[PDB]
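Peer 1: There's a structure below that I have some questions on.
Because the Cβ atoms are built from the backbone with ideal geometry, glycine has one as well, and the counts that use them run over all protein chains shown. Throughout, read-outs are computed from the coordinates displayed, never taken from laboratory work.
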Amino acid sequence: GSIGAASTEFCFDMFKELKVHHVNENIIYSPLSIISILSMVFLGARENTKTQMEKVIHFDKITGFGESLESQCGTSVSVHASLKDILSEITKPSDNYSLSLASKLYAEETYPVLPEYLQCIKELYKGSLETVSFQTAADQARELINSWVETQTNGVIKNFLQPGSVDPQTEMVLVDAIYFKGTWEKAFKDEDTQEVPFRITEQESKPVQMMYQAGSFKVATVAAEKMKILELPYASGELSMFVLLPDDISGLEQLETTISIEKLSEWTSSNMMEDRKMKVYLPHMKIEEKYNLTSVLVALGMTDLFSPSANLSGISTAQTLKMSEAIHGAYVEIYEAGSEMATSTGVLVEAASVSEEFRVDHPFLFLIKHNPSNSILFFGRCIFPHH
Amino acid sequence: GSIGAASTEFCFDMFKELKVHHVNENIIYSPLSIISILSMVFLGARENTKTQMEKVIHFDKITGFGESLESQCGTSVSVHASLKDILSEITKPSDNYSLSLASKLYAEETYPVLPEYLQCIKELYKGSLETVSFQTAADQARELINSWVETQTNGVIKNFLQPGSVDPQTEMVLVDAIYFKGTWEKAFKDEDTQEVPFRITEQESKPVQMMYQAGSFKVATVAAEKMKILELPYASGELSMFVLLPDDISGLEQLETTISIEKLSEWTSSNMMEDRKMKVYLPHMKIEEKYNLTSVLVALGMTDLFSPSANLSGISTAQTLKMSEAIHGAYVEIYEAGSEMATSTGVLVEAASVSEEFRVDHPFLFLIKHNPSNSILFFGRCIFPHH
Amino acid sequence: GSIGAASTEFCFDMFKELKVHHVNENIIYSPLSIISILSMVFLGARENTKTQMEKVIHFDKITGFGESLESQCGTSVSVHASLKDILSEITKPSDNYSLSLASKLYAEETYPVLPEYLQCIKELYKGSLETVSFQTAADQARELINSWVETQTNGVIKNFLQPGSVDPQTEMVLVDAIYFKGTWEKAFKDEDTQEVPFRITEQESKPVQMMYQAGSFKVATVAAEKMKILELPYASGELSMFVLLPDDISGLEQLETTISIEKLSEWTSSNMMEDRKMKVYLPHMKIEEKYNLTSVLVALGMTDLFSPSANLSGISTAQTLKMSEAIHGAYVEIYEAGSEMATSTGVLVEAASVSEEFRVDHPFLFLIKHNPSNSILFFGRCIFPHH
């Protein structure tokens, strides 16, 4: 097996879990970056936490029978070689497009990470190590990690880590950043872009800037699922965009449920995809979304990793630590010349457990009273803060 | 035994009846202004209407078991004292915040008002009387009332009285307005505000600006209702904002039914509110709503006041007059530095109107035809006139 | 019968069929221009296509019993007379307004248009022919047609034909344009215009410039439908704008379902319309829309026309063709002095069969894959591609 297939299967399982909490909303995430950071953690996880992460990341399909566990480092020889060669394939330079993947881990000065684990991080993901004091200055370390992410994403992802996400309890933060900017194989003419209505539902429609071009494009029409897939290649044909468009507005739902790595392999088969003379209408796209994947990872069977029984002894034998916050951010912009996209996956670990915080992230009742008169000046039921 | 507690009780009694007409919708109103204006009308009511208003406003508990009619003015000595001292309390001048309560009554020049009732209006509510001709220039009187209310709300509540609210047959209007601009005790840093999802339902979410700060705040954890209340004091601690947030979204409904003056007094007890170091997240709020309380006040028990059996001898002894329209507007804006809030309550008497205008202030279809040929050149449906 | 009545009935049928896909959205379209272009095409059809077009255009009512087809050129004498006299009616010079109806057809050089059909176009629609090379320079043809449309609409409708509409397959294009600039019978004083809230819904409202004037106006009040109609005549009383408005906002929906040519005839009756002293508030309006009426016309009953079985023998004796696209655009601006309005309707005839586009106009699943690694760099669902 390959780790690209693990990324695919994880992508679609995670999408099935994610869509249930974001109905009628835009979704965007990077399977590769999430899988890469989660494998960084998977190397350190041992015993039941490691097997859980292995089944969730689908790295169990990668290892051949025999020579598992710390055959080379952290994981088996198969997963090790797969990780290394994928890092090499992604980081290969190209004059046509720009594509970068960087990994960095920040650690507390007091908390000592295993030198073997740091060396394996340098070997597999060639990620650097910085030592910052979280206990004394957590917010400054947050700002530094955020500036590193911002510069690694060419300023696309600013202020990745939310305020208050890290606190003096956090003792290590594993983060990565993927950035891609390319050009279309067949570009869209700037003059051909005009205003076109876009049907959000059958009832309502909103105007958007639609780019148009006519040419030979790979289209695969799946009638069993009532949907067509269009491939728009980029410069050099090493990266491609796939648009899975259901024939009708009502069909998309069905598609979301039936999509899978197996089904996708059938649909994107080189035989199934047909170069035809097509008129292509593609809208200007700008999608930015940031998620907290802790609940999603737990719902997928990664319960031990966030539990106080997490065995991450492969990272640091001194004391014990566990993961508490896994943040992900994704940005994608499609325009006429090409597209610019950028993602980041952050992970912070710590032994401590905050009992409570007071976060107003769902509807409530608010009350404003005059304390001397003990009278209610204002009372309200807030469902949406801003209409 | 105080008008503040009466305002609390009437607040929740009115919330329970108002919530049925605004499902899945923001709610906001000011109990202090509503009960001030209802006491304004209560002073004039006598016999059955006055007892109804006293029970619904909960001024019966304010008066001790002693003389309650004709004493001081209109009501008992106890209610008179409570009115006067709350009026003095919230109109207290403070350099820290701005809090203003204003009352004013408009009357037809042909309509006669008793001098003792006007002297009482100046005594307790310190409000002025303005004589305008409702029968001749009802629209002009409406615009004048809205301009006065706008100036008293510092431009926040503009065009308060809807068109057709006031009528030429209307005898006497009673209005009041509260404005409060204050700053937080512990402010929110502008840089700490970031975009965060807000979960309207379990499956739906929308992004909002969320201000964060870590500090010592007063929180009470009511486990019986599975809910937590947080207090944010303003400058000098004379006013504070209470956020009642259920632990889960679906619990909100339950809370809205179980909340009451007694339960609010239980939950916000000094022993229950504990000072704790909390991470606090609060969304940018801009909640603005206008209501017609006539139906709700009738449902609450004030049936005679809106019916032709309304006796208002203390208001106008020459001829009887009944109220038929009660409007109420409330606006609340929460930001990082502080908050700005403003409310108004409007009262109308003896209303009826027919035609007189063709005002196009709501969506409509339009037709443009060629009269010689009787052909439709243009047809359309206008919701937004300008884009 | 009269083609004005046909335009009215078709207008309301089309409104019924069109409003279903445009809820909470502005609508505007020209019945006269659409019915004129469709009558142009209707002269060229025979057999079932012609009868279908006649039913949808309601020209079957114009023809008196007897001498229905080929009596005049392509149609009955009654329909021919109606067409010619209507052209003369709305293209009548006047010093009070500017009203123009222009029609023009572009054809491929290799396409052999029947000369008698061209003579009919010149007789009944005053339509000139231009020969353009679609197969060798379709984009130049589109630019020329857009420039002609723009000049005929006095610069209101620019870039009328969207890219991709025309292509080397299109063989003929019929386009007409209506323009009308006029002044009110009773003008709006600029000083009387003030900023007034426009109530889109009951609780949310956006501010709009509102002109005011008082005087004698023709208003009809229909209580059975809970709505009033106001007639604002333009200069010289030859064109008038009708504004029908429900008393409550919620009534509007009902109105849109119950409006009809017969009900409109009832409501705009001379005895129903009454001159009365009225205050008139009317907002500034700038309403522009553009539609593709292929689906709407097919749903009304023009199935054979857009199918490969379309008989357009009256246009070309050889190489029979069929319509592919029917684009329409409308613009209206109402201000104090008067009004400026303009529409265009263009239909392009072609010959195709299988689906020839990959139009991305509804939410879709997109993914960006690294082909060497076969890993998904990005995956997402988008419902709206802009924020």
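Peer 1: Taking Cα atoms of the range C:286-387, Rg/Rh with Kirkwood Rh, to two decimals?
Peer 2: On the way: Rg = 21.2 Å, Rh = 18.2 Å.
Rg/Rh for the range C:286-387 comes to 1.17.
Peer 1: Treating each Cα of the range A:148-192 as an identical point scatterer and ignoring solvent, apply the Debye formula and state log10 I(q)/I(0) at q = 0.14, 0.29 Å⁻¹.
Peer 2: -0.55, -1.08
Peer 1: Please give the charge dipole size of the protein assembly as shown, origin at the Cα centre, charges +1 on K and R Cβ atoms and -1 on D and E Cβ atoms. Round to the nearest 20 debye. Before the final figure, lay out the partial values.
Peer 2: Details: 93 positive and 156 negative charges, 18 e Å.
Rounded to the nearest 20 debye, it is 80 debye.
Peer 1: Another question about this same structure. Run the numbers on the range B:126-173 and let me know its relative contact order in percent, using alpha-carbon pairs under 8 Å that are six or more apart. Don't skip to the answer; put the middle values down first.
Peer 2: Details: 38 pairs, mean separation 20.4, N = 48.
Once normalised by length, the contact order is 42 percent.
Peer 1: Also, quick follow-up: Determine the relative contact order of the range B:1-141: mean sequence separation of Cα pairs under 8 Å and six or more apart, normalised by residue count, in whole percent. Don't jump to the answer; show the numbers that get you there.
Peer 2: Working: 123 pairs, mean separation 27.8, N = 141.
Value for the range B:1-141: 20 percent.
Peer 1: I'd like the FRET efficiency for B:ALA187 and C:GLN169, computed as 1/(1 + (r/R0)^6) with the beta carbon distance as r and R0 of 56 Å, rounded to 0.05.
Peer 2: Working: r = 66 Å, r/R0 = 1.18.
It comes to 0.25.
Peer 1: Arrange A:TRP148, B:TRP184 by Cβ neighbour counts within 10 Å, fewest through most, would you? Before the final figure, lay out each step's value.
Peer 2: Working: A:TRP148 18, B:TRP184 21.
Listing A:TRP148, B:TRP184 from fewest to most nearby Cβ atoms yields A:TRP148, B:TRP184.
Peer 1: Further question: If I measure Cβ to Cβ between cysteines in chain A, which ones have no partner under 4.7 Å?
Peer 2: A:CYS11, A:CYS382
Peer 1: Here is a follow-up. Take the Cα gyration tensor of the protein assembly as shown, multiply each eigenvalue by 5, square-root it, and list the three semi-axes largest first, rounded to whole angstrom. Intermediate results must be reported in sequence, preceding the final value.
Peer 2: Values: eigenvalues 613, 588, 83 Å².
They are 55, 54, 20 Å, listed from largest to smallest.
Peer 1: Under a GNM of chain C (C-alpha, springs under 10 Å), which listed residue has the highest mean-square fluctuation: C:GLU238, C:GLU350, C:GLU54?
Peer 2: Most flexible of the set in this elastic network: C:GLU238.
Peer 1: For chain A, take the convex hull of the Cα atoms, compute a quarter of its surface area, and give me that in nm², please.
Peer 2: Working: hull surface 95.2 nm².
Dividing the Cα hull surface by four gives the mean projection, 23.8 nm².
Peer 1: Next up: For A:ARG381, C:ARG359, what's the fewest-to-most ordering of other Cβ within 10 Å of each Cβ?
Peer 2: On the way: A:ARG381 23, C:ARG359 17.
Fewest to most other Cβ atoms nearby, the residues stand as C:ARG359, A:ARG381.
Peer 1: Against the 2.2 N^0.38 Å scaling, with N counting residues, where does the range B:109-179 land? I'd like the Cα-based Rg ratio to two decimal places.
Peer 2: Details: Rg = 12.8 Å, N = 71, 2.2 N^0.38 = 11.1 Å.
This ratio for the range B:109-179 stands at 1.15.
Peer 1: Sort out for me the Cα centre separation of the range C:27-72 from the range A:92-114, rounded to whole Å.
Peer 2: 71
Peer 1: Run the simple label-point estimate for C:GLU253 and C:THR136 please: 7 Å along Cα→C-beta, distance reported in nm.
Peer 2: So the two model labels end up 5.8 nm from each other.
Peer 1: Hey, got the dipole for the range A:320-387? About the Cα centre, +1 on K and R Cβ, -1 on D and E Cβ, debye to the nearest 20? Kindly include the intermediate steps, with their values, before the conclusion.
Peer 2: Numbers: 4 positive and 8 negative charges, 109 e Å.
In debye, rounded to 20, the range A:320-387 gives about 520.
Peer 1: What percent of all Cα-Cα pairs in the range A:46-125 falls in each 5 Å bin, counting up from 0?
Peer 2: Pairs per bin, as whole percents: 3, 12, 19, 21, 20, 13, 8, 4, 1.
Peer 1: Local charge sum around A:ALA224 (other residues, Cβ-Cβ under 14 Å, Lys/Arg +1, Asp/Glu -1)?
Peer 2: Working: positive: A:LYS226, A:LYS228, A:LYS263; negative: A:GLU225, A:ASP247, A:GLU262, A:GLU266.
Net charge around A:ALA224: -1.
Peer 1: Using just the C-alpha positions of the range B:205-265 as equal point scatterers, what log10 of I(q)/I(0) does the Debye formula give at each q in 0.13, 0.20 1/Å?
Peer 2: Results for the range B:205-265 at q = 0.13, 0.20 Å⁻¹ read -0.45, -0.96.
Peer 1: Report the local net charge at C:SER269: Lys and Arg +1, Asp and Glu -1, summed over other residues whose C-beta lies under 15 Å from its C-beta. Mind showing how you got there, number by number?
Peer 2: On the way: positive: B:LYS369, C:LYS218, C:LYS228, C:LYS263; negative: C:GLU225, C:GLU231, C:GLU262, C:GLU266, C:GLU274, C:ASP275.
Computed value for this residue: -2.
Peer 1: While we're on this one: Please report, in whole Å, how far the alpha carbons of the range A:297-350 spread along each principal axis, starting with the longest.
Peer 2: 53, 25, 14
Peer 1: In whole Hz, what ³J(HN,Hα) sequence does the range C:285-295 give by Karplus (6.51, -1.76, 1.60; θ = phi - 60°), x for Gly and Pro?
Peer 2: 10, 10, 10, 10, 9, 9, 10, 10, 8, 4, 5
Peer 1: If you don't mind, there's one more thing I want to ask. Cross-link candidates for B:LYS61: which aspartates and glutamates have Cα within less than 12 Å, leaving aside residues fewer than 8 places away along the same chain?
Peer 2: List returned: B:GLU9.
Peer 1: Can I ask one more? Of A:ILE86, A:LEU114, A:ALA45, whose Cα points farthest to the positive end of the dipole of the range A:38-122 (charges on the beta-carbon: +1 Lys, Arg; -1 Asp, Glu; origin at the Cα centre)?
Peer 2: Value: A:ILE86.
Peer 1: Would you mind ranking C:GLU47, A:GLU108 by Cβ crowding within 10 Å, fewest neighbours first?
Peer 2: Details: C:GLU47 12, A:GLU108 23.
The fewest-first ordering by Cβ neighbours comes to C:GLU47, A:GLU108.
Peer 1: Another one. For the range C:1-146, take the alpha-carbon Rg, divide it by the Kirkwood Rh, and send me Rg/Rh. Before the final figure, lay out each step's value.
Peer 2: Values: Rg = 17.0 Å, Rh = 17.0 Å.
Taking Rh as the inverse mean 1/r over Cα pairs, Rg/Rh reads 1.00.
Peer 1: Quantify how strongly other chains surround peptide A:238-245 by giving the mean number of their Cβ atoms within 10 Å of each of its Cβ atoms. The partial results should precede the final answer.
Peer 2: Values: counts 4, 7, 5, 5, 8, 7, 5, 9.
Other-chain Cβ atoms within 10 Å of each residue's Cβ, averaged: 6.
Peer 1: I've got another one for you. Amide H neighbours of C:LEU321 under 5 Å, counting only residues 5+ apart in sequence or on other chains, H built in-plane at 1.01 Å?
Peer 2: It is C:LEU312, by chain and number.
Peer 1: For the range A:8-57, what value does the Rg/Rh ratio take when both radii are computed over Cα atoms and Rh is the Kirkwood radius, given to two decimals? Let's see the in-between values first.
Peer 2: On the way: Rg = 12.7 Å, Rh = 12.0 Å.
Dividing the radius of gyration by the Kirkwood radius yields 1.06.
Peer 1: Given Cβ point charges of +1 (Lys, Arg) and -1 (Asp, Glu) and nothing else, what value in debye, to the nearest 20, does the dipole of chain C about its Cα centre take?
Peer 2: Values: 31 positive and 52 negative charges, 69 e Å.
It works out to roughly 340 debye.
Peer 1: Another question, if that's okay. Can you give the helix-only mean residue ellipticity at 222 nm for chain C, where every DSSP H stretch with n ≥ 4 adds -39500 (n - 2.57) and the sum goes over all residues, rounded to the nearest 500 deg cm²/dmol? All intermediate terms of the calculation are to be shown ahead of the outcome.
Peer 2: On the way: 10 runs with 107 residues, N = 387.
Roughly -8500 deg cm²/dmol at 222 nm, from the helical runs in chain C.
Peer 1: For the range B:197-356, what is Rg from Cα atoms divided by 2.2 N^0.38 Å, rounded to two decimals?
Peer 2: On the way: Rg = 21.3 Å, N = 160, 2.2 N^0.38 = 15.1 Å.
That ratio works out to 1.41.
Peer 1: A follow-up question, please. How much FRET efficiency would the formula 1/(1 + (r/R0)^6) give for B:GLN119 and A:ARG359, where r is the Cβ-Cβ distance and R0 is 35 Å, rounded to 0.05? Before the final figure, lay out each step's value.
Peer 2: Numbers: r = 53 Å, r/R0 = 1.51.
So, using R0 = 35 Å, E works out to roughly 0.10.
Peer 1: May I ask for the net charge around A:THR51, where only other residues with Cβ less than 15 Å from the Cβ of A:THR51 are counted and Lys, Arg are +1 while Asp, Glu are -1? Let's see the in-between values first.
Peer 2: On the way: positive: A:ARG46, A:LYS50, A:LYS55, A:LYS61; negative: A:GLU47, A:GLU54, A:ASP60, A:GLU70, A:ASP304.
Value of the local net charge: -1.
Peer 1: Taking 41 Å as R0, compute the FRET efficiency from the Cβ-Cβ separation of A:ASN374 and B:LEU129 and round it to 0.05.
Peer 2: Numbers: r = 31 Å, r/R0 = 0.76.
Efficiency computed from Cβ-Cβ geometry: 0.85.
Peer 1: Mind checking which of B:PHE242, B:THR317, B:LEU230 is farthest towards the positive end of the range B:178-324's charge dipole, using Cβ charges of +1 (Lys, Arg) and -1 (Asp, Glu) about the Cα centre?
Peer 2: After comparing all options, I get B:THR317.
Peer 1: What is the range B:81-200 by shape, rounded, prolate or oblate, if you read a ≥ b ≥ c off the alpha carbon gyration tensor as root eigenvalues and call it rounded for a/c under 1.5, prolate for a/b larger than b/c, and oblate otherwise?
Peer 2: Judged from the Cα gyration tensor, the range B:81-200 comes out oblate (a/c at least 1.5, b/c at or above a/b).
Peer 1: Give me a single rounded figure for C:19-27: the average over its residues of other chain Cβ atoms within 10 Å of their Cβ.
Peer 2: On the way: counts 1, 2, 7, 5, 5, 5, 8, 8, 6.
Shielding by partners across C:19-27 averages 5.
Peer 1: Once each part is reduced to its C-alpha centroid, what is the distance from the range A:195-224 to the range A:117-164 in angstrom?
Peer 2: 39
Peer 1: Give me P(r) over the range C:137-283, computed from all C-alpha to C-alpha distances, binned every 10 Å, as integer percentages.
Peer 2: Spelled out bin by bin, the range C:137-283 gives 9, 25, 26, 23, 14, 3 percent.
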